[PDB]
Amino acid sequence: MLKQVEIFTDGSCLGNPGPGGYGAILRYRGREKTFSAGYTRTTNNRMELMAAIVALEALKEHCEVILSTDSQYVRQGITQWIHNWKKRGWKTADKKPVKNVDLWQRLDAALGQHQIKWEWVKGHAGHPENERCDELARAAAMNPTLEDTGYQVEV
């Protein structure tokens, strides 16, 4: 049997683009570990991906992971887009590079490490760990210390 683990994720961004941060909680046997960092210019959706990437990459063995997020962007990519990407070489139908391909490829690499069950929640109301992830992400966005070196500025 695989170790069973729970991960909760959220991103936060003060603009589009603007300062942003991610927040994640990894829970195993009651014990909780938190992850967060802040970036000077980024987007909310890139921070949503970073939260999942960082928490999954922390795992040192193959796990069964219950992954909970309210991000409709992450949900659309996981359930609607990534199957096209893997057939098309990570390009659009116009043979153009897909947006945020650097983070989507990193997330896909981390996801392939584990047995993943996704828990798509509707919001933060009633989900205390997801609310705490939002607090972690917002706190980092208010004290950014890194550059989002993979963000291709759109403006």
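The first residue of the sequence shown is number 1, and the count goes up from there.
When 96-104 is weighed against 48-56, 96-104 comes out higher, by mean CA B-factor as recorded in the entry. Taking only CA atoms, the mean B-factor in the PDB entry is higher for 23-31 than for the other of 23-31 and 59-67. Residues shown: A109, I116, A125, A37. Highest C-alpha temperature factor in the entry: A125. In the deposited entry, the Cα temperature factor of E131 places it in the highest third of its chain's modelled residues.
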